[PDB]
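Visitor: model this:
(one chain, ligands or ions: 1)
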Amino acid sequence: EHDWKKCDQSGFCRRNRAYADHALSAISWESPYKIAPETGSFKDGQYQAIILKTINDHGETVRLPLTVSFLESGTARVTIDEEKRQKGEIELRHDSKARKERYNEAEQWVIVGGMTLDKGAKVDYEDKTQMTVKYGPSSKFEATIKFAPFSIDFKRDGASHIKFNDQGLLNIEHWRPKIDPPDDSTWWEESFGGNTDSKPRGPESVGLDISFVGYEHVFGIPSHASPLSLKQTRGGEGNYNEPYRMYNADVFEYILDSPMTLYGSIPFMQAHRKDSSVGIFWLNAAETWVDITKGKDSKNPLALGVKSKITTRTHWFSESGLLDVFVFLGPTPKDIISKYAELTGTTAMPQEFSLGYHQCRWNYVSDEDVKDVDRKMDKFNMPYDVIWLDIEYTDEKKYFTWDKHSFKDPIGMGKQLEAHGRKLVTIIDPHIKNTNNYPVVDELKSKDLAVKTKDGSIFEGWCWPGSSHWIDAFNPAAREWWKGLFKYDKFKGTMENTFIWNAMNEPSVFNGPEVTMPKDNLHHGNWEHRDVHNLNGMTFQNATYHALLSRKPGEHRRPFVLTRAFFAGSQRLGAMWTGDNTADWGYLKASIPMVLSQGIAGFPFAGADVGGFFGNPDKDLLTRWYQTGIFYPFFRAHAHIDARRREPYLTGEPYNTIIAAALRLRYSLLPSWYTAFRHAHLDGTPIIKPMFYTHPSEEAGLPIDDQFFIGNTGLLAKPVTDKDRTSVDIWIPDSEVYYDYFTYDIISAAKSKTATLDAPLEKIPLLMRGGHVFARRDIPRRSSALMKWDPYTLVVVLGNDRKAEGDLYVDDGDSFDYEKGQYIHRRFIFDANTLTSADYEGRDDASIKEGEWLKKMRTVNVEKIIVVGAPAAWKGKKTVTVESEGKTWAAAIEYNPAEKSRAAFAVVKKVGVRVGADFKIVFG
Ligand SMILES: OC[C@H]1O[C@H](O[C@@H]2[C@H](O)[C@@H](O)O[C@H](CO)[C@H]2O)[C@H](O)[C@@H](O)[C@@H]1O
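Guide: Numbers count the residues shown, from 1 in each chain. Please find the structure below.
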């Protein structure tokens, strides 16, 4: 039974919450922090200066260097460090060798670009109470630094949007020695969960208040079982009483509707209102808490006699490290997320297969079990791409081995899968069994690659294998070593279709405090674990990612790695899932806001365990879960060890038939999924998109988190996630025409509204927005790889403008040849009775030399076009005219007139145009 720190039980949380209580209750609180104005210089997109913190009654100060950077992107950055610790002028307790510097390598792990300073940024005004810097797009952005008390207002369009230290909560815990007097009860040793943190540095937390002025909704800081629009944390009806926490942890049977930490953390928050968006990224790898309150701008936020405009107050604090924050001024959600991704990276180009359906449990028990499931899925016409092996495949929980009794012929298993282009995923976790006759542990120890305790001994604790050590993936030599262990001729029983799942990388330690490592463990660089905890999981996923790039000579190819724990930047390395969820309706419902929050925080490749991990879902629940799951970018069924087998062919009729139809829908849309992942790769566009993102002008959209748009398609989904619901109310965001994907019934035209839609068990509620084109593949196949050369259908969805656009991206799904132009990317435009296809980027034909994959694609066609909302002037016309590659011909079209609420639509068959070429098709 699992104990979790509440705020009051975390020392530095208590002190920052108490600092906040004092400041908001004190009369004319002033933050005891001031810029020494004569220390301050501006040059070349950068202010630097010394803040002086007054630390006592006698007016004694310490020096904290400030750097405000103004980047070419129009993003700003604010860093505050501690001069005394930069210089090494402190003493650690216990003769600790822990680093004295404030942790400063989060940047190195996370930030991959966007750091160029804007030499167009300039001082506009400065007296010696303040200075205003103009920066960004034609100098539209301003930051007003106030010197005494320190504060910054970030403005655009003549208003303040974000304020730092307006409430005076800035708090940098300066180093002090442990002395008795001539409340410090949390400053030093702290005990929790059977462990005592020796706390060699003492207090060193960093915190700040960040106000979002005139914003009522904030979003982000996944992962939490919480709504997408984040809740208040200081009490009130339907609010939380604790701050949101980010401390990656193994949270068994995590509850719904809670600010408690889960497995991964991305400290990126956005605020949105009608036609305005801003955001911040709090670049800190330590335990981090965020309090949120909303109210009027007065000190009593319920006061009368003041303006009613709401400001959202947030209060961030982390255990150690630099105070280090980026500020994004938007002004759209797209802008903000795009800038974040430039900083932290876009989604990696995925293995195409990994967008298929993944089949998993704890555990498939033999190579005969695997092979029998593969054959059963084919028997029941349930397509899938990957079958997954959990920890029981190992030899007594040693990674890089197999249980030879149960997994006789792993290579044969692999090859049976290879006959349908299917794949195998095996689990590898970061704990390495402490035992005899095990080369992997010997090398870990002998090469000094393990995480260490507070005195430099090798750390030891308990997980699956019993007594274990943990790889320190912060250490580049540990990463380089790990690479070597995955070569096909080193890791026996694996081969070219074997990929990897990392879990327990929080890290999970069964006998540790809060099921993780002590805070005073030491990592490569001599950083304390407290400094880097939230990066740990990402270091390990990174190690594994780079290991799969090349596993034999000649090979260079896209990794696929699933992780449990993560940080800002993990999008570069693979997928995540939301951990050990539960087989209950509430968890199915919660999955959607969680997965949305992932993508709007720049890590869209995300999902939850279909069916729920713990327990046994009813058959209707499981069926609904498939209908939701087909819209997770990462779509996997998984089940705990005590749960019954529930491979989907075991459900029974009519559930089997409905689940198979969900699967077929996912597979038919794979062309559009893959394209959505392409855009996530190009600029960090989310793969599924909430209403606030797609419709920033529609205020009613802000709190909506149960429906979403898919990629670029205009498809709007609202899965049923309530027991015995047989209809669904979909919020229609705007005035465009929306059609039922299945019947083409007109759900709305002309007016934003809530529309009621029939939704029995066999129905997936899915609408097609007018103005869009999207591609699918109609021919059903057993896996994604067997679709690779099938023809495409294009769906052209027209509203009253009779105009549409969309796109389609393809490549080999596996190599890095996309980096040299080996891909097809089409833009489809419908206008003035004409559908055209052009290169999305406007490349000329051969300036690119065709490789082997592009040549094969010459046999692949668009064969079918469906126009929904077909105009009446096409009635009685029985051909269209097709032009492509110099040739012109006629193709048959059937016009079907409107009928009841069913739209007019038209179908062109046997179009016969190669997907890689320009074309023009004239209707009417
Ligand atoms: O590899 C097995 C299993 O491990 C993780 O889950 C476990 C599990 O829920 C339970 O036994 O409790 C521990 C401690 O909290 C968890 O770590 C993975 O999350 C899961 O997907 C996997 O099947």
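
Visitor: Give the residue farthest from the middle of the protein.
Guide: residue 182 (51.7 Å; C-alpha atoms, centre = their mean).

Visitor: does it count as helix, strand or coil?
Guide: coil (DSSP: H, G, I helix; E, B strand; the rest coil).

Visitor: hang on, isn't residue 192 packed against residue 514?
Guide: Yes - between residue 192 and residue 514 there is a contact under C-beta atoms under 8 Å: 7.4 Å. Quick note: C-beta positions are derived from backbone N, CA and C, even for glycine.

Visitor: shared neighbours of the two, anything?
Guide: Common contacts of residue 192 and residue 514, defined by C-beta atoms under 8 Å, 6 or more residues apart in numbering, comprise 3, 5.

Visitor: who's more crowded, those two?
Guide: residue 514 (21 against 16; other C-beta atoms under 10 Å).

Visitor: So what does the more buried one look like in phi/psi?
Guide: phi 60, psi 40 (degrees, to the nearest 10).

Visitor: Quick check: it vs residue 344, distance?
Guide: 26 Å (C-beta to C-beta, to the nearest Å).

Visitor: So residue 478 is in contact with residue 472, correct?
Guide: Yes - with contacts counted by C-beta under 8 Å, residue 478 reaches residue 472, the gap being 5.2 Å.

Visitor: and the residue in the stretch 101-250 of the chain that the ligand sits nearest to, what is it in contact with?
Guide: Residue nearest to the ligand within the stretch 101-250 of the chain (C-beta to the nearest ligand atom): residue 250, separated by 4.4 Å. Residue 250 makes contact with 263, 504, 506, 508, 515-516, according to C-beta under 8 Å, 6+ apart.

Visitor: how about 6 Å then?
Guide: 506, 508, 515 (C-beta atoms under 6 Å, 6 or more residues apart in numbering).

Visitor: same question, residue 82
Guide: 64, 102.

Visitor: repeat that for 7 Å
Guide: Taking C-beta atoms under 7 Å, 6 or more residues apart in numbering, we find residue 82 in contact with 64, 102, 172, 174.

Visitor: Could you report the neighbour count for the last one?
Guide: Same thing as residue 174. 18.

Visitor: How about the closest residue to it other than its chain neighbours: which residues does it bridge to?
Guide: Excluding the flanking residues, the one nearest residue 174 by C-beta to C-beta, 6 or more residues apart in numbering is residue 62, at 4.7 Å. Counting by DSSP bridges, residue 62 is bridged to residue 53.

Visitor: ok, back up a step: which one of the contacts of residue 82 is nearest residue 52?
Guide: residue 64 (7.6 Å; C-beta to C-beta).

Visitor: Same question for the closest one, what's its three-state structure.
Guide: strand.

Visitor: Find residues that contact each of residue 478 and residue 472.
Guide: With C-beta under 7 Å, 6+ apart as the test, residue 478 and residue 472 both reach residue 449.

Visitor: So if I had to pick from these two, which one is more boxed in?
Guide: residue 472 (26 against 23).

Visitor: what's near enough to touch that one?
Guide: Per C-beta under 7 Å, 6+ apart, neighbours of residue 472: 449-451, 478, 523-524.

Visitor: Against residue 252, how distant is residue 193?
Guide: In terms of C-beta to C-beta, residue 193 sits 14 Å off from residue 252.

Visitor: Those two: which is more packed in?
Guide: residue 193 (17 against 12).

Visitor: and the residue lying closest to the more buried one once chain neighbours are set aside, what does it touch?
Guide: Nearest residue to residue 193, sequence neighbours excluded (C-beta to C-beta, 6+ apart): residue 513, at 3.4 Å. By C-beta under 7 Å, 6+ apart, residue 513 lies in contact with 192-195.
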